[PDB]
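What follows is a short report on a single structure.
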Amino acid sequence: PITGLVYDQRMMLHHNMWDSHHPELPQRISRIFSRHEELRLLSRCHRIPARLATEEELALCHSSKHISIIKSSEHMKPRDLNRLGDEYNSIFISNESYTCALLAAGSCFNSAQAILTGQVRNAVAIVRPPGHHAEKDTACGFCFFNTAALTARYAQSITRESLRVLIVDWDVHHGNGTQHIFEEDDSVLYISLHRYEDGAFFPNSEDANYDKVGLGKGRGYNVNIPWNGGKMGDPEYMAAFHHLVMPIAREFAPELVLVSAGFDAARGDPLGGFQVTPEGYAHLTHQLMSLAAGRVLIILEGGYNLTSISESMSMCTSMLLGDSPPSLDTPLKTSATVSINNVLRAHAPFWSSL
Ligand SMILES: O=C(NO)c1cc(F)cc(F)c1F
Ligand SMILES: [K+]
Ligand SMILES: [K+]
Ligand SMILES: [Zn+2]
């Protein structure tokens, strides 16, 4: 009954040399780690070591051109770094970014391996830069390589190709890269909850709407839960889990659960505009541990209020360690019920539990 934790201070080296107060801060991960220390959660976990992902592992999801150009940024001059970052949507790059992205991915591989070999029951990965916006062939939205997508494919590579991986993405933004990587795949069920606002919210694409249910063999294996017109919080997320996430996940019967766990839907986030509480994230975590025989890996994505993400992620780890869920605090916003209803209608053909 062991919970793994991976954290390495080397991932703070990735930094924004033109805007040192950019919200994707090095101290995002040191703050979460520190909160684990001062809550005495760290000593209750088995520390899993970080490692660099290999280029061969990156190729599980990414093109050689993309891998090579990000790789080359390690030796780039400042002007090269500025111009390259400006080729992408919302990217900054420093000479340490490539290594930090490799460490984030390899940290999650070691954690998935420890779960799948039975050395830990579940695990938490306190990593940066994030991953879920990264596409096969491009960087995007503070993300270089798609850590969660790579971990899913790594998990299949050390078990069997068809290993059923559920990815729950509760970052407030749609994981466009993760959706696209698995859009034709029925072995990786992608479920995202996200602020959508009829396509106006970052990453600003109608790919995030509820009618994108997957393509080809993957039809039914892509579940978008888009929020419109409301400061969503614990009632809405709990409702979406009761009506959609958990029924669908149970029917899928994952053998491994990855959480793309951004904490930018948290109360206090400067960007998300939502009000999920730490106790809400604890309840979402507690529900997911009823799947996959408890084999859950929580991977840090976004989240920009250092206090909010530290409280929120620490509460998730508390839940992985087996602590009892804390009590919650409001009527469902009607527009949330509309969203849940749209998804139900779109996915009832694919999931008899709906
Ligand atoms: O946190 C984010 N995504 O998970 C994010 C937030 C923003 F405000 C702008 C971006 F480009 C992002 F990628
Ligand atoms: K999401
Ligand atoms: K899929
Ligand atoms: Zn985000």
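How things are named: the first chain in the structure tokens is A, the next is B, and so on; residues count from 1 in each chain; ligands count from 1 in the order shown.
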Per residue of chain A within 6 Å of ligand 4, record the nearest atom pair and its distance in Å to one decimal, counting only C-alpha atoms and all ligand atoms, with rows in chain order and ascending residue number, as CSV.
residue,atom,partner,partner_atom_place_in_ligand_line,distance
A:171,CA,ligand 4,1 (Zn),4.9
A:172,CA,ligand 4,1 (Zn),5.0
A:173,CA,ligand 4,1 (Zn),4.4
A:262,CA,ligand 4,1 (Zn),5.8
A:264,CA,ligand 4,1 (Zn),5.6
A:302,CA,ligand 4,1 (Zn),4.3
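Based on only C-alpha atoms and all ligand atoms, the protein and nucleic acid residues found within 7 Å of ligand 3 are, by chain and then by number, residues 179, 182, 183, 184, 185, 186, 187, 188, 189, 190, 214, 218, 221 and 222 of chain A.
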With N, CA and C atoms retained, export the selected residues as a PDB file, in the first residue's frame.
ATOM      1  N   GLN A 179      -5.665  14.961 -27.006  1.00  0.00           N
ATOM      2  CA  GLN A 179      -6.781  14.531 -27.841  1.00  0.00           C
ATOM      3  C   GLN A 179      -6.289  14.086 -29.210  1.00  0.00           C
ATOM      4  N   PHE A 182      -4.275  10.709 -29.468  1.00  0.00           N
ATOM      5  CA  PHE A 182      -5.054   9.488 -29.333  1.00  0.00           C
ATOM      6  C   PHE A 182      -6.398   9.541 -30.060  1.00  0.00           C
ATOM      7  N   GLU A 183      -6.568  10.475 -30.996  1.00  0.00           N
ATOM      8  CA  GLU A 183      -7.877  10.663 -31.616  1.00  0.00           C
ATOM      9  C   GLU A 183      -8.362   9.408 -32.336  1.00  0.00           C
ATOM     10  N   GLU A 184      -7.453   8.603 -32.893  1.00  0.00           N
ATOM     11  CA  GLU A 184      -7.834   7.386 -33.607  1.00  0.00           C
ATOM     12  C   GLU A 184      -7.603   6.126 -32.792  1.00  0.00           C
ATOM     13  N   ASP A 185      -7.475   6.253 -31.474  1.00  0.00           N
ATOM     14  CA  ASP A 185      -7.022   5.163 -30.625  1.00  0.00           C
ATOM     15  C   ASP A 185      -8.123   4.755 -29.656  1.00  0.00           C
ATOM     16  N   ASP A 186      -8.436   3.459 -29.615  1.00  0.00           N
ATOM     17  CA  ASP A 186      -9.407   2.942 -28.661  1.00  0.00           C
ATOM     18  C   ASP A 186      -8.744   2.320 -27.433  1.00  0.00           C
ATOM     19  N   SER A 187      -7.406   2.307 -27.368  1.00  0.00           N
ATOM     20  CA  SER A 187      -6.726   1.794 -26.181  1.00  0.00           C
ATOM     21  C   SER A 187      -6.472   2.873 -25.137  1.00  0.00           C
ATOM     22  N   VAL A 188      -6.572   4.139 -25.524  1.00  0.00           N
ATOM     23  CA  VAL A 188      -6.347   5.261 -24.626  1.00  0.00           C
ATOM     24  C   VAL A 188      -7.604   6.119 -24.666  1.00  0.00           C
ATOM     25  N   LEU A 189      -8.390   6.056 -23.601  1.00  0.00           N
ATOM     26  CA  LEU A 189      -9.598   6.853 -23.478  1.00  0.00           C
ATOM     27  C   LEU A 189      -9.209   8.196 -22.880  1.00  0.00           C
ATOM     28  N   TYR A 190      -9.503   9.275 -23.604  1.00  0.00           N
ATOM     29  CA  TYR A 190      -9.165  10.625 -23.180  1.00  0.00           C
ATOM     30  C   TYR A 190     -10.452  11.309 -22.735  1.00  0.00           C
ATOM     31  N   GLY A 214     -13.966  11.288 -31.111  1.00  0.00           N
ATOM     32  CA  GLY A 214     -12.944  10.396 -31.615  1.00  0.00           C
ATOM     33  C   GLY A 214     -13.159  10.058 -33.086  1.00  0.00           C
ATOM     34  N   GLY A 218     -11.043   5.075 -32.900  1.00  0.00           N
ATOM     35  CA  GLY A 218     -11.208   5.795 -31.659  1.00  0.00           C
ATOM     36  C   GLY A 218     -12.565   6.427 -31.458  1.00  0.00           C
ATOM     37  N   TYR A 221     -13.981   7.183 -27.909  1.00  0.00           N
ATOM     38  CA  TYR A 221     -12.907   7.136 -26.929  1.00  0.00           C
ATOM     39  C   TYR A 221     -12.272   8.500 -26.705  1.00  0.00           C
ATOM     40  N   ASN A 222     -12.976   9.566 -27.080  1.00  0.00           N
ATOM     41  CA  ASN A 222     -12.591  10.938 -26.789  1.00  0.00           C
ATOM     42  C   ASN A 222     -13.808  11.642 -26.215  1.00  0.00           C
TER      43      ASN A 222
END
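Proximity to ligand 1 was assessed for A:122, A:314, A:192, A:275 counting only C-alpha atoms and all ligand atoms; the smallest distance is recorded for A:192.
Here the alpha helix (DSSP H) residues in segment 4-62 of chain A, by DSSP on the backbone, are residues 27, 28, 29, 30, 31, 32, 33, 34, 35, 36, 37, 38, 55, 56, 57 and 58 of chain A.
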Cut-off 12 Å, only C-alpha atoms and all ligand atoms, neighbours of ligand 2 as a ChimeraX atom specification: /A:131-133,167-179,190-196,201-203,208-209,223-227,237,259-265,272,300-303
For the residues in that selection, give me N, CA and C atoms as a short mmCIF file (atom, residue, chain, number, x, y, z; two decimals), in the first residue's frame.
data_model
loop_
_atom_site.label_atom_id
_atom_site.label_comp_id
_atom_site.auth_asym_id
_atom_site.auth_seq_id
_atom_site.Cartn_x
_atom_site.Cartn_y
_atom_site.Cartn_z
N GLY A 131 2.66 19.30 -20.24
CA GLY A 131 2.69 18.53 -21.47
C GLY A 131 1.45 18.53 -22.35
N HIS A 132 0.26 18.83 -21.84
CA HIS A 132 -0.92 18.33 -22.55
C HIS A 132 -1.25 19.13 -23.81
N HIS A 133 -0.68 20.32 -23.98
CA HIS A 133 -0.86 21.09 -25.20
C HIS A 133 0.10 20.68 -26.31
N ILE A 167 -6.94 8.57 -19.53
CA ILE A 167 -6.36 9.86 -19.20
C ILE A 167 -7.50 10.81 -18.84
N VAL A 168 -7.54 11.26 -17.59
CA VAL A 168 -8.50 12.26 -17.16
C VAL A 168 -7.75 13.58 -17.07
N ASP A 169 -8.20 14.58 -17.82
CA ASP A 169 -7.50 15.85 -17.92
C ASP A 169 -8.36 16.90 -17.24
N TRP A 170 -8.06 17.23 -15.97
CA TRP A 170 -8.87 18.22 -15.28
C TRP A 170 -8.18 19.59 -15.18
N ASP A 171 -7.05 19.77 -15.86
CA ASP A 171 -6.56 21.11 -16.14
C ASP A 171 -7.71 21.93 -16.74
N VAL A 172 -7.74 23.23 -16.43
CA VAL A 172 -8.88 24.03 -16.89
C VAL A 172 -8.87 24.19 -18.40
N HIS A 173 -7.74 23.94 -19.05
CA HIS A 173 -7.64 24.03 -20.51
C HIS A 173 -7.76 22.66 -21.16
N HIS A 174 -8.31 22.65 -22.38
CA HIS A 174 -8.41 21.43 -23.15
C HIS A 174 -7.02 20.94 -23.53
N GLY A 175 -6.76 19.65 -23.34
CA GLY A 175 -5.49 19.09 -23.77
C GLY A 175 -5.50 18.75 -25.24
N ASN A 176 -5.37 19.77 -26.10
CA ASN A 176 -5.48 19.56 -27.54
C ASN A 176 -4.50 18.50 -28.03
N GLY A 177 -3.26 18.56 -27.54
CA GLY A 177 -2.26 17.60 -27.96
C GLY A 177 -2.62 16.18 -27.59
N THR A 178 -3.11 15.98 -26.36
CA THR A 178 -3.48 14.64 -25.95
C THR A 178 -4.66 14.12 -26.77
N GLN A 179 -5.67 14.96 -27.01
CA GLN A 179 -6.78 14.53 -27.84
C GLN A 179 -6.29 14.09 -29.21
N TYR A 190 -9.50 9.27 -23.60
CA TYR A 190 -9.17 10.63 -23.18
C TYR A 190 -10.45 11.31 -22.73
N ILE A 191 -10.49 11.76 -21.48
CA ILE A 191 -11.62 12.53 -20.96
C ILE A 191 -11.07 13.85 -20.45
N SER A 192 -11.54 14.95 -21.04
CA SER A 192 -11.13 16.29 -20.63
C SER A 192 -12.33 17.09 -20.16
N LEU A 193 -12.18 17.77 -19.02
CA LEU A 193 -13.06 18.84 -18.59
C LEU A 193 -12.32 20.15 -18.78
N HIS A 194 -13.00 21.17 -19.31
CA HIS A 194 -12.28 22.39 -19.62
C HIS A 194 -13.22 23.56 -19.83
N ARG A 195 -12.73 24.73 -19.47
CA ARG A 195 -13.41 25.96 -19.83
C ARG A 195 -13.32 26.14 -21.34
N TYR A 196 -14.47 26.30 -21.99
CA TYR A 196 -14.53 26.34 -23.44
C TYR A 196 -15.01 27.69 -23.96
N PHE A 201 -11.92 30.36 -25.21
CA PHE A 201 -10.91 30.17 -24.18
C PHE A 201 -9.72 29.39 -24.74
N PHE A 202 -8.51 29.73 -24.28
CA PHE A 202 -7.31 29.03 -24.73
C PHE A 202 -7.51 27.52 -24.58
N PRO A 203 -7.09 26.69 -25.55
CA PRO A 203 -6.31 27.00 -26.76
C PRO A 203 -7.12 27.45 -27.98
N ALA A 208 -12.28 21.29 -29.00
CA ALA A 208 -12.56 21.00 -27.61
C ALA A 208 -14.05 20.78 -27.33
N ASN A 209 -14.91 20.90 -28.34
CA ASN A 209 -16.35 20.80 -28.08
C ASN A 209 -16.78 19.35 -27.88
N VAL A 223 -13.70 12.10 -24.97
CA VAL A 223 -14.83 12.67 -24.24
C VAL A 223 -14.45 14.08 -23.81
N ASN A 224 -15.06 15.08 -24.45
CA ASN A 224 -14.84 16.47 -24.10
C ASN A 224 -16.02 16.97 -23.29
N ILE A 225 -15.74 17.54 -22.11
CA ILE A 225 -16.77 18.13 -21.27
C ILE A 225 -16.49 19.62 -21.23
N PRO A 226 -17.08 20.41 -22.14
CA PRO A 226 -16.75 21.83 -22.23
C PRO A 226 -17.69 22.71 -21.43
N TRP A 227 -17.14 23.63 -20.63
CA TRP A 227 -17.91 24.55 -19.80
C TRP A 227 -18.10 25.89 -20.50
N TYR A 237 -18.01 20.04 -11.21
CA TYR A 237 -17.06 18.96 -11.45
C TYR A 237 -17.55 17.66 -10.84
N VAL A 259 -3.75 11.05 -14.61
CA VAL A 259 -4.46 12.30 -14.44
C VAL A 259 -3.58 13.40 -14.99
N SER A 260 -4.03 14.06 -16.05
CA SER A 260 -3.42 15.33 -16.43
C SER A 260 -3.96 16.34 -15.44
N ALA A 261 -3.23 16.51 -14.34
CA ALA A 261 -3.72 17.26 -13.18
C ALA A 261 -3.13 18.67 -13.19
N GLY A 262 -3.68 19.53 -14.05
CA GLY A 262 -3.49 20.95 -13.87
C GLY A 262 -4.34 21.43 -12.71
N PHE A 263 -3.87 22.45 -12.02
CA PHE A 263 -4.67 23.02 -10.93
C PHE A 263 -5.02 24.48 -11.23
N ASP A 264 -5.25 24.78 -12.52
CA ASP A 264 -5.68 26.11 -12.91
C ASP A 264 -7.19 26.27 -12.94
N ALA A 265 -7.97 25.22 -12.68
CA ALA A 265 -9.37 25.46 -12.38
C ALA A 265 -9.58 25.80 -10.91
N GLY A 272 -7.49 30.80 -14.81
CA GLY A 272 -8.58 29.91 -15.13
C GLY A 272 -9.95 30.52 -14.90
N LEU A 300 1.37 16.65 -12.79
CA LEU A 300 1.15 18.09 -12.78
C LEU A 300 1.13 18.64 -14.21
N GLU A 301 0.09 19.40 -14.52
CA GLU A 301 0.03 20.14 -15.78
C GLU A 301 0.15 21.63 -15.47
N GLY A 302 -0.91 22.40 -15.65
CA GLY A 302 -0.88 23.82 -15.36
C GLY A 302 -1.31 24.13 -13.94
N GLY A 303 -1.69 25.38 -13.72
CA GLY A 303 -2.00 25.83 -12.38
C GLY A 303 -0.98 26.85 -11.94
#
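Note that atom CA of residue 279 of chain A and atom CA of residue 325 of chain A are 7.5 Å apart.
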Env of residue 295 of chain A: 8 Å cut, atoms = only C-alpha atoms, seq-sep filter 3 positions within chain, self excluded. Answer as a short mmCIF file (atom, residue, chain, number, x, y, z; two decimals) with N, CA and C atoms, in the first residue's frame.
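Final file, selection_32.cif:
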data_model
loop_
_atom_site.label_atom_id
_atom_site.label_comp_id
_atom_site.auth_asym_id
_atom_site.auth_seq_id
_atom_site.Cartn_x
_atom_site.Cartn_y
_atom_site.Cartn_z
N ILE A 115 4.28 1.69 -10.79
CA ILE A 115 2.90 1.26 -10.60
C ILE A 115 2.66 -0.07 -11.30
N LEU A 116 3.10 -0.19 -12.55
CA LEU A 116 2.78 -1.38 -13.33
C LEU A 116 3.58 -2.61 -12.90
N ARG A 121 1.38 1.42 -5.35
CA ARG A 121 -0.01 1.33 -5.78
C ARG A 121 -0.38 2.49 -6.69
N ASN A 122 0.09 3.69 -6.37
CA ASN A 122 -0.25 4.90 -7.10
C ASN A 122 0.92 5.86 -6.94
N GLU A 255 -6.79 -0.23 -17.16
CA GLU A 255 -5.76 -0.92 -16.40
C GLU A 255 -4.74 0.05 -15.82
N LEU A 256 -4.80 1.31 -16.23
CA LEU A 256 -3.96 2.35 -15.68
C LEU A 256 -4.69 3.67 -15.88
N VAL A 257 -4.66 4.51 -14.86
CA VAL A 257 -5.29 5.83 -14.92
C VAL A 257 -4.19 6.87 -14.79
N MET A 289 -9.52 6.70 -7.73
CA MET A 289 -8.80 5.55 -7.19
C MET A 289 -9.67 4.30 -7.10
N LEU A 291 -10.88 3.06 -9.72
CA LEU A 291 -10.63 2.45 -11.02
C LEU A 291 -9.26 1.80 -11.07
N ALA A 292 -9.10 0.90 -12.05
CA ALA A 292 -7.80 0.29 -12.39
C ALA A 292 -7.12 -0.35 -11.18
#
Residues of segment 15-233 of chain A in strand (DSSP E or B) according to DSSP, as an mmCIF file with N, CA, C and O atoms, in the first residue's frame?
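This is the output file selection13.cif:
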data_model
loop_
_atom_site.group_PDB
_atom_site.id
_atom_site.type_symbol
_atom_site.label_atom_id
_atom_site.label_comp_id
_atom_site.auth_asym_id
_atom_site.auth_seq_id
_atom_site.Cartn_x
_atom_site.Cartn_y
_atom_site.Cartn_z
ATOM 1 N N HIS A 46 7.009 6.815 -1.069
ATOM 2 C CA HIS A 46 8.267 6.295 -1.581
ATOM 3 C C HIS A 46 8.763 7.229 -2.671
ATOM 4 O O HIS A 46 8.052 7.488 -3.647
ATOM 5 N N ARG A 47 9.978 7.728 -2.511
ATOM 6 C CA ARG A 47 10.523 8.683 -3.467
ATOM 7 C C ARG A 47 10.995 7.936 -4.710
ATOM 8 O O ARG A 47 11.863 7.064 -4.625
ATOM 9 N N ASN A 89 2.685 28.803 -30.464
ATOM 10 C CA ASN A 89 1.650 29.477 -29.690
ATOM 11 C C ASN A 89 2.034 29.378 -28.215
ATOM 12 O O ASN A 89 2.009 28.282 -27.642
ATOM 13 N N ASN A 122 0.090 3.689 -6.366
ATOM 14 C CA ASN A 122 -0.253 4.896 -7.101
ATOM 15 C C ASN A 122 0.917 5.862 -6.941
ATOM 16 O O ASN A 122 1.892 5.573 -6.242
ATOM 17 N N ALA A 123 0.833 7.015 -7.598
ATOM 18 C CA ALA A 123 1.970 7.916 -7.529
ATOM 19 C C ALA A 123 1.557 9.313 -7.955
ATOM 20 O O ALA A 123 0.535 9.514 -8.616
ATOM 21 N N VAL A 124 2.378 10.277 -7.561
ATOM 22 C CA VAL A 124 2.186 11.673 -7.920
ATOM 23 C C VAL A 124 3.495 12.192 -8.508
ATOM 24 O O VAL A 124 4.583 11.837 -8.040
ATOM 25 N N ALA A 125 3.389 12.988 -9.573
ATOM 26 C CA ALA A 125 4.538 13.486 -10.331
ATOM 27 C C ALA A 125 4.499 15.012 -10.340
ATOM 28 O O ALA A 125 3.623 15.617 -10.974
ATOM 29 N N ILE A 126 5.449 15.623 -9.642
ATOM 30 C CA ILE A 126 5.509 17.077 -9.456
ATOM 31 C C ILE A 126 6.545 17.552 -10.466
ATOM 32 O O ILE A 126 7.740 17.645 -10.161
ATOM 33 N N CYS A 140 3.435 23.883 -27.782
ATOM 34 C CA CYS A 140 2.261 24.744 -27.655
ATOM 35 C C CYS A 140 1.938 24.926 -26.182
ATOM 36 O O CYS A 140 2.092 23.985 -25.400
ATOM 37 N N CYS A 143 4.164 23.885 -23.295
ATOM 38 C CA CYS A 143 4.448 22.449 -23.325
ATOM 39 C C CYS A 143 5.320 22.106 -24.521
ATOM 40 O O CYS A 143 5.010 22.503 -25.650
ATOM 41 N N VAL A 165 -5.496 2.505 -21.108
ATOM 42 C CA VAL A 165 -5.079 3.648 -20.305
ATOM 43 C C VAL A 165 -6.186 4.680 -20.379
ATOM 44 O O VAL A 165 -6.593 5.072 -21.475
ATOM 45 N N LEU A 166 -6.668 5.120 -19.221
ATOM 46 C CA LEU A 166 -7.575 6.256 -19.131
ATOM 47 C C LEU A 166 -6.765 7.488 -18.766
ATOM 48 O O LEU A 166 -5.979 7.450 -17.808
ATOM 49 N N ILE A 167 -6.944 8.567 -19.526
ATOM 50 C CA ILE A 167 -6.357 9.863 -19.196
ATOM 51 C C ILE A 167 -7.497 10.810 -18.844
ATOM 52 O O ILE A 167 -8.345 11.114 -19.694
ATOM 53 N N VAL A 168 -7.537 11.258 -17.589
ATOM 54 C CA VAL A 168 -8.498 12.262 -17.158
ATOM 55 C C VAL A 168 -7.754 13.582 -17.068
ATOM 56 O O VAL A 168 -6.766 13.685 -16.342
ATOM 57 N N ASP A 169 -8.197 14.578 -17.819
ATOM 58 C CA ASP A 169 -7.498 15.854 -17.916
ATOM 59 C C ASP A 169 -8.365 16.904 -17.236
ATOM 60 O O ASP A 169 -9.310 17.413 -17.843
ATOM 61 N N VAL A 188 -6.572 4.139 -25.524
ATOM 62 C CA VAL A 188 -6.347 5.261 -24.626
ATOM 63 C C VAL A 188 -7.604 6.119 -24.666
ATOM 64 O O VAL A 188 -7.878 6.791 -25.667
ATOM 65 N N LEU A 189 -8.390 6.056 -23.601
ATOM 66 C CA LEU A 189 -9.598 6.853 -23.478
ATOM 67 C C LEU A 189 -9.209 8.196 -22.880
ATOM 68 O O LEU A 189 -8.620 8.245 -21.791
ATOM 69 N N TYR A 190 -9.503 9.275 -23.604
ATOM 70 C CA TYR A 190 -9.165 10.625 -23.180
ATOM 71 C C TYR A 190 -10.452 11.309 -22.735
ATOM 72 O O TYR A 190 -11.402 11.399 -23.516
ATOM 73 N N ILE A 191 -10.494 11.763 -21.480
ATOM 74 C CA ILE A 191 -11.623 12.530 -20.956
ATOM 75 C C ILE A 191 -11.073 13.853 -20.452
ATOM 76 O O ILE A 191 -10.232 13.872 -19.542
ATOM 77 N N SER A 192 -11.542 14.954 -21.035
ATOM 78 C CA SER A 192 -11.128 16.293 -20.634
ATOM 79 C C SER A 192 -12.332 17.093 -20.165
ATOM 80 O O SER A 192 -13.380 17.085 -20.827
ATOM 81 N N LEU A 193 -12.175 17.768 -19.025
ATOM 82 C CA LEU A 193 -13.059 18.842 -18.593
ATOM 83 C C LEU A 193 -12.317 20.154 -18.782
ATOM 84 O O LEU A 193 -11.132 20.249 -18.448
ATOM 85 N N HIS A 194 -12.998 21.166 -19.311
ATOM 86 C CA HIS A 194 -12.276 22.387 -19.624
ATOM 87 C C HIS A 194 -13.220 23.561 -19.835
ATOM 88 O O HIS A 194 -14.345 23.410 -20.320
ATOM 89 N N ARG A 195 -12.731 24.734 -19.466
ATOM 90 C CA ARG A 195 -13.412 25.963 -19.831
ATOM 91 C C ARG A 195 -13.320 26.141 -21.338
ATOM 92 O O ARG A 195 -12.229 26.127 -21.911
ATOM 93 N N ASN A 222 -12.976 9.566 -27.080
ATOM 94 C CA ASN A 222 -12.591 10.938 -26.789
ATOM 95 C C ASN A 222 -13.808 11.642 -26.215
ATOM 96 O O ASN A 222 -14.829 11.764 -26.899
ATOM 97 N N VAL A 223 -13.704 12.097 -24.968
ATOM 98 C CA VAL A 223 -14.831 12.666 -24.239
ATOM 99 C C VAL A 223 -14.450 14.077 -23.813
ATOM 100 O O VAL A 223 -13.618 14.261 -22.909
ATOM 101 N N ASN A 224 -15.060 15.077 -24.451
ATOM 102 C CA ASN A 224 -14.841 16.474 -24.104
ATOM 103 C C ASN A 224 -16.022 16.974 -23.286
ATOM 104 O O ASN A 224 -17.174 16.851 -23.717
ATOM 105 N N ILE A 225 -15.736 17.535 -22.113
ATOM 106 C CA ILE A 225 -16.767 18.129 -21.268
ATOM 107 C C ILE A 225 -16.494 19.625 -21.228
ATOM 108 O O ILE A 225 -15.712 20.084 -20.386
ATOM 109 N N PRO A 226 -17.082 20.408 -22.138
ATOM 110 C CA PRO A 226 -16.746 21.833 -22.229
ATOM 111 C C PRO A 226 -17.688 22.710 -21.425
ATOM 112 O O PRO A 226 -18.905 22.542 -21.519
ATOM 113 N N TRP A 227 -17.138 23.634 -20.633
ATOM 114 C CA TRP A 227 -17.914 24.547 -19.800
ATOM 115 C C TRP A 227 -18.103 25.888 -20.500
ATOM 116 O O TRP A 227 -17.165 26.433 -21.093
ATOM 117 N N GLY A 233 -17.158 25.225 -10.443
ATOM 118 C CA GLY A 233 -16.469 24.803 -9.236
ATOM 119 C C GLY A 233 -16.863 23.402 -8.851
ATOM 120 O O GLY A 233 -17.274 22.599 -9.696
#
Contacts of residue 32 of chain A within 10 Å, only C-alpha atoms, excl. fewer than 2 positions in-chain, as a PyMOL selection string: chain A and resi 7+27-30+34-37+126-127+300+306-314
Include C-alpha atoms and write out the residues we just selected as a JSON list (two decimals), in the first residue's frame.
[["chain", "number", "residue", "atom", "x", "y", "z"],
["A", 7, "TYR", "CA", 10.14, 15.52, -7.80],
["A", 27, "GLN", "CA", 8.81, 27.70, -8.12],
["A", 28, "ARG", "CA", 5.53, 26.04, -9.15],
["A", 29, "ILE", "CA", 7.11, 22.65, -8.46],
["A", 30, "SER", "CA", 9.27, 23.65, -5.48],
["A", 34, "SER", "CA", 7.50, 22.17, 0.05],
["A", 35, "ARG", "CA", 3.81, 21.90, 0.91],
["A", 36, "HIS", "CA", 4.23, 18.12, 0.91],
["A", 37, "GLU", "CA", 7.15, 18.47, 3.34],
["A", 126, "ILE", "CA", 5.51, 17.08, -9.46],
["A", 127, "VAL", "CA", 6.97, 18.05, -12.83],
["A", 300, "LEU", "CA", 1.15, 18.09, -12.78],
["A", 306, "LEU", "CA", 1.41, 28.92, -6.07],
["A", 307, "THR", "CA", -0.64, 28.61, -2.88],
["A", 308, "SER", "CA", -3.66, 27.08, -4.65],
["A", 309, "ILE", "CA", -1.69, 24.49, -6.58],
["A", 310, "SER", "CA", 0.32, 23.56, -3.49],
["A", 311, "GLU", "CA", -2.77, 23.05, -1.35],
["A", 312, "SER", "CA", -4.65, 21.30, -4.16],
["A", 313, "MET", "CA", -2.01, 18.84, -5.29],
["A", 314, "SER", "CA", -1.05, 18.00, -1.67]]
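Nearest-residue note for ligand 1: choosing from A:206, A:323, A:269, A:38, the minimum distance belongs to A:269, counting only C-alpha atoms and all ligand atoms.
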Option closest in space to residue 155 of chain A, from A:249, A:352, A:211, A:57 [counting only C-alpha atoms]: A:57
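Shell of residue 286 of chain A at 8 Å, with only C-alpha atoms counted and residues fewer than 6 places along the chain excluded, is residues 316, 319, 320 and 325 of chain A.
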Mind writing the picked residues with N, CA, C and O atoms as a PDB file, in the first residue's frame?
ATOM      1  N   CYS A 316      -4.567  15.911  -3.117  1.00  0.00           N
ATOM      2  CA  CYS A 316      -4.656  14.721  -3.953  1.00  0.00           C
ATOM      3  C   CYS A 316      -3.729  13.625  -3.442  1.00  0.00           C
ATOM      4  O   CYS A 316      -4.115  12.451  -3.386  1.00  0.00           O
ATOM      5  N   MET A 319      -4.979  11.853  -0.677  1.00  0.00           N
ATOM      6  CA  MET A 319      -6.034  10.903  -0.974  1.00  0.00           C
ATOM      7  C   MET A 319      -5.408   9.609  -1.470  1.00  0.00           C
ATOM      8  O   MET A 319      -5.851   8.513  -1.101  1.00  0.00           O
ATOM      9  N   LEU A 320      -4.349   9.725  -2.286  1.00  0.00           N
ATOM     10  CA  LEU A 320      -3.624   8.546  -2.750  1.00  0.00           C
ATOM     11  C   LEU A 320      -3.059   7.735  -1.586  1.00  0.00           C
ATOM     12  O   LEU A 320      -2.988   6.499  -1.664  1.00  0.00           O
ATOM     13  N   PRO A 325     -11.591  11.351   2.668  1.00  0.00           N
ATOM     14  CA  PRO A 325     -11.902  12.587   1.950  1.00  0.00           C
ATOM     15  C   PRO A 325     -12.486  13.631   2.882  1.00  0.00           C
ATOM     16  O   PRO A 325     -13.343  13.317   3.723  1.00  0.00           O
TER      17      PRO A 325
END
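Atom CA of residue 64 of chain A sits 29.6 Å away from atom CA of residue 19 of chain A.
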